[PDB]
């Protein structure tokens, strides 16, 4: 079974290569134990090589297989990294084929769902400037994939947060707080919340980027999920130092937060209360 399949990934007969590729992709879309069988069979170097196939269908299906491998456990994500997939994945971020572009983004997002070391490998492969550019894609699906991927990177340690800030992501993220698309809006809030879960100077960069007026407004959102994400991100900002806290107060937050203490949702009441007590000493 799997050793023959892997051999055929190098076959000059394209029907063999594709037949082997479709069976491996099937297997890699199962559980982690199946993913491991594929990795242990030695499929990764050849799958990485197929990221240069001039055949677009083959390229895309190799990409989908890697993305599935990368939805596995952190050691499975690390094998993808150790097989040298990141440089090609980053190049693919400038593919004019939007289905290929999307699958590269999805795969990088999966890799960035790993541990902080896996996230750092994504940063070190130079993914950030392209991800930041993709935040102004006219394609909503592309934009959402880039956003998801950035949010994942921003969910790592403070050094990972710092690279996102350093790559210039903040102004784009704050602009997306005007998005009329509710999913985009939610994921931008969530990404800013993750940045604002860092150090006080990382909180200050969010403030400096102009996020507070939209955050405070969104405490009155009719979508409870949006309200909650705004309130979480704001509560993170309010956990900063005195200069951070003073800026929250001057943005008008005390009045909305008090209003929230009578909200029917207990998580909202409690979050608002925590926020207020931080802000008031």
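Residue numbers count along the first chain shown, from 1.
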- [ ] Compare the mean C-alpha B-factor of 94-102 with that of 77-85 as given in the PDB entry, and name the stretch with the higher value.
- [x] 94-102
Task: Which of 45-53 and 252-260 has higher mean CA B factor, as the PDB entry lists it - done: 252-260
Open item on the list: Just the C-alpha B-factor column, please: which of 30, 235, 67, 213 has the biggest number?
Closed with: 30
Task: Third of the chain's Cα B-factor distribution that residue 129 belongs to, per the entry - done: middle
Open item on the list: Considering every modelled residue of the chain and its Cα B-factor in the PDB entry, is residue 142 in the lowest, middle or highest third?
Closed with: highest
Open item on the list: By the recorded C-alpha temperature factor, relative to the other modelled residues in its chain, which third is residue 186 in?
Closed with: middle
